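Trainee: got a structure for you, letters missing:
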């Protein structure tokens, strides 16, 4: 732990990328988080919404 | 676009609809459309 200054930078970069990837499963109020399923079972009007 | 149709089937003359007419007789694009008009014709058709 004599190189904390460098390790923090690596960790923060990794944390930012990990959170960004995780965000893809968020619903954001949608019916479902997966585009393929909303489209596969919904009419174009509501599917588009 | 002029045509005669069954009374109950009028509900299918719209965007975002499914059914017999929507699929095999008359489909509307998902876009603006001027106006939909209709009137009864018992005095002249039946």
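Mentor: That came through, no problem. Numbering: from 1, shown residues only, chains lettered A, B, ... in the order given.
Trainee: check contacts around the spatially most central residue of chain B.
Mentor: Nearest to the mean C-alpha position of chain B, counting by C-alpha atoms, centre = their mean, stands residue B:13 at 3.6 Å. Counting by C-beta atoms under 8 Å, 6 or more residues apart in numbering or on different chains, residue B:13 touches B:5, B:21, B:26, B:28, B:36, B:38. Every C-beta, even on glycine, is put in place using the N, C-alpha and C of the backbone.
Trainee: Export those residues to JSON lines and append columns for secondary structure and neighbour count.
Mentor: Rendered in JSON lines, the data for those read as follows (DSSP: H, G, I helix; E, B strand; the rest coil; neighbours: other C-beta atoms under 10 Å in any protein chain shown):
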{"residue": "B:5", "secondary structure": "coil", "neighbour count": "13"}
{"residue": "B:21", "secondary structure": "helix", "neighbour count": "18"}
{"residue": "B:26", "secondary structure": "coil", "neighbour count": "15"}
{"residue": "B:28", "secondary structure": "coil", "neighbour count": "15"}
{"residue": "B:36", "secondary structure": "coil", "neighbour count": "10"}
{"residue": "B:38", "secondary structure": "coil", "neighbour count": "11"}
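Trainee: from those, which is closest to chain A?
Mentor: residue B:28 (12.1 Å; C-beta to the nearest C-beta).
Trainee: That concludes my questions; thank you for your assistance.
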